[PDB]
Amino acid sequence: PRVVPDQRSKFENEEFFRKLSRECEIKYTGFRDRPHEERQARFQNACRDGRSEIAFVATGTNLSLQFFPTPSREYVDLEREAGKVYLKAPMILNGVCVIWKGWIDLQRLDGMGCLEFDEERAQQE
């Protein structure tokens, strides 16, 4: 089945989630072999495409993201702060509904982000 029977508990209890529930070092992992300038372009192009790939650096947990509920400023926010993009991406991770929220420096291509329990989605599951 898509989710486990008690999402919130899994999310608040398992180390897997706990390690990702506070903001931490994330980083764009796309086109790792190309020159940095390109990676910058590739990154943004795809972001405007509502998608991207990022890893939680410390643990090495990788994720492909979809920024939809063309993207909205709510999911792909370019204004809010310059030099960096703020992203939001809902998904079902290991059976629990969550939302991935973080930001990325459009120049260094790294940043901070974390996992957030998505209770609304959960209840609909």
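All residue numbers are counted from 1 along the displayed sequence.
_Deposited but uncoordinated residues in the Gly30/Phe31 interval_ = Missing in between: none.
*asked:* So, looking at the entry's B-factor column for Cα atoms, which has the higher mean, 54-62 or 36-44?
replied: Averaging CA B-factors over each stretch, the winner is 36-44.
*asked:* Mean Cα B factor from the PDB record: higher for 91-99, or higher for 72-80?
replied: Higher mean C-alpha B-factor: 72-80.
*Of the three thirds of its chain by CA temperature factor, lowest, middle or highest, which one includes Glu125?*
Highest third, going by the recorded CA B-factors of the chain.
*asked:* What third of the chain does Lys19 rank in for C-alpha temperature factor, lowest, middle or highest?
replied: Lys19: CA B-factor falls in the middle third of its chain.
_Chain thirds of CA B-factor: placement of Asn13_ = Middle third - that is where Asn13 ends up once the chain's C-alpha B-factors are sorted.
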